[PDB]
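Below: one protein chain in two forms, given as structure tokens, structure 1 then structure 2.
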Structure 1
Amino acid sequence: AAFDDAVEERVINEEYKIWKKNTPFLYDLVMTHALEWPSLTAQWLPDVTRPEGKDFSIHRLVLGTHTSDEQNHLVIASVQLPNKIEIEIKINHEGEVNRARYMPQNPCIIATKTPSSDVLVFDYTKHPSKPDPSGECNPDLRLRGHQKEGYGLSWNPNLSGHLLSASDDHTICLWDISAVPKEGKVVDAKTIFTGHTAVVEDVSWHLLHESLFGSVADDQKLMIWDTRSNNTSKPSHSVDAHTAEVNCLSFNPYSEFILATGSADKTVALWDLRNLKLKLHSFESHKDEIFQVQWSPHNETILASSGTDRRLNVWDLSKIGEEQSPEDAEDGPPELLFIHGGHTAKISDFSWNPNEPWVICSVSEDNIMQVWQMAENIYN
């Protein structure tokens, strides 16, 4: 018992040695940073500073902590990228930061998921950069509605202040904070959606249609919801998406009918909203549960996925069905563009840089943050 956890470490350490050796051929950029505590969350902020006549630019990241019995913080870090990684702000946070997402219409506004089931809202410019030594958490809003913690969190990019949240209590909560002064008010949910019968793992608004969002859960279902519908216990569409828990979904930012889901069944599924009866494709190479899937912000055929097998896989759906030499068919399907092997623990989250194509930040349970970019010859 618990012995196989010892040799898998030995094999992990050997494959990481090989990966370090090959980085000059596979990567145009690799930066590794160890955080004091692991982050469960990562997301690039949308703005960049390009200081006068210097060869780099400064990008920022929302991170959090996951401590054991120590004060937690919401974290803004800065990264220098060519055309250094420093913590810039820590805000006191009650419990670990399950997930933090900035508001598209105002990226100073950051929503977080707490273990106590509260969803918190910070305007990070309304807080000192060094946290209150009391440790007391002073969020700008507290959003009530859940009875248990959760993970999914999604701001509507077309209706400002309309925030979705998924929870282990089997529900999805909607808040509209748009006319609520950000002075520590408590806001209860406008609507709670109850279609799922199990933990709801993720939720996401459609990028174009202001009334449409999807949810995925441990009941193996993808549900498509319309906020214009009066029935909140039954979604517009409900699909048996996977043979196990569905942990994540992402709408394609360029293709309004396409989305992707990732699952404990170790696959990423591709979906067309016009016919949810037929899975479009199943991306298979992961060796364990997938927890994050994200489409590229620059390239409509590119998406990436990560999870417990410590790999981050980048997929190119324009390559589905192309011929391979049997030596090439070895490493996997043609639509597998790249496998990032730099992490040695479960990957907790990743984010594509919105301003520097092909740059990704990924964070893992062993406190590692990596900012990396695969070699340009790999995506031509």
Structure 2
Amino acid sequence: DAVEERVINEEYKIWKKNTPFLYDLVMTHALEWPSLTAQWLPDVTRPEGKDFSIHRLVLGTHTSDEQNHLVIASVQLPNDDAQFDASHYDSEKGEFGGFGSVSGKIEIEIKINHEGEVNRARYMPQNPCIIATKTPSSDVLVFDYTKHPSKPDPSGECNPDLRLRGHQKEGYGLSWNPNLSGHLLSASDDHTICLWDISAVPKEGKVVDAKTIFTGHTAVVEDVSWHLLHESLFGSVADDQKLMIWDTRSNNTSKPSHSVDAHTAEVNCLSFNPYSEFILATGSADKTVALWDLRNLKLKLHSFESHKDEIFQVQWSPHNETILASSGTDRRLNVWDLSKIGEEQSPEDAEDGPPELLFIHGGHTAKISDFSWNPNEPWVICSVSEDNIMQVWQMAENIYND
């Protein structure tokens, strides 16, 4: 279908022209290879007497034939004081271009040799130097990036600090317990969820077997996530259309504490609200994000509808309890605002979606694999797609601020 490909490119051209109206910040960067994963690291540095701050991303590569890498990248973001750079006028477009219109703001800092594509990479909250990765093989890997060179050996020899065993297939779900240092959950296409405790690894060993294996799902487990306050609770979602809440203290690992028929299709992602301890979201192939209360899982609270294809990722804002975002197979990324649920709309606005749909990011031209909210700069998002594009963006203030 060459016509749809032509339409997408023409629609991108319209979105690009519009950016100064809708964004305070928009950067588009072409990675050497596409990344399946994206997570902002928590640290930020503010060098002396300069107009920018430096933030960092955990990324990966997706090469079919070539050497893949675990990647750490730096991103410069402008301070509120900063001056406009007017040295890049363009007579064709009739514009100066904003912050990061040209190369200079994004850089690859570290590349660590990694066997196969990086399906997902997530840092350990208690020690951001530690990064777990999901590979196309069964072995979940842990890297302490300070124990590695910044520039890799060209042999491409993958030498992880730990190799975590338990699974029979690859997966995507990866979640560190923010209250129990070293406790990692993993989901897989083998229908299981594994749990490792790496806080007390003997003698500087290199392999670790799974402490527990949860076997409740009857299909591919797509995502897993710890509760953010309760160290024994965690959720999982799967192609069996189910949301499961698990208790690690329970003696039966084949049955969850609770099971819910959450969707009319595969459930691909979940995320706990970081402010409200009972709220969580799930995304699905039925094109909806569902909202849940842990204290009554029989009743779905709400359904966010508008997405034009399957949803694979969902994340809450780290700064605003009412704000979340979702992405998937369609090129658009949606930002929702639950406070605006039920607000009456004119028919003209209702054509574009329900009132709780705050923003549609149209900067990508291919399936979005992952995105991450910047924990230190409110409203900044990093999103990555299958065509190599990485965008760091921020919608215009007046969209969310009246």
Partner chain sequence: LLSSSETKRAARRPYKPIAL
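Structure 1 provides the reference sequence; residues are numbered from 1 along it. What we label the rigid core is the largest C-alpha set whose atoms superpose within 1.5 Å from one form to the other.
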item: Identity of the form solved in complex with the partner chain, given as 1 or 2; value: 2
item: Candidates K182, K287, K148, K126 - which moves between structure 1 and structure 2, C-alpha at least 2 Å, core fixed; value: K182
item: Between structure 1 and structure 2, C-alpha offset at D328 (rigid core aligned, Å); value: 2.1
item: Value in Å for the CA shift of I347 between structure 1 and structure 2, taken after the core is superposed; value: 0.3
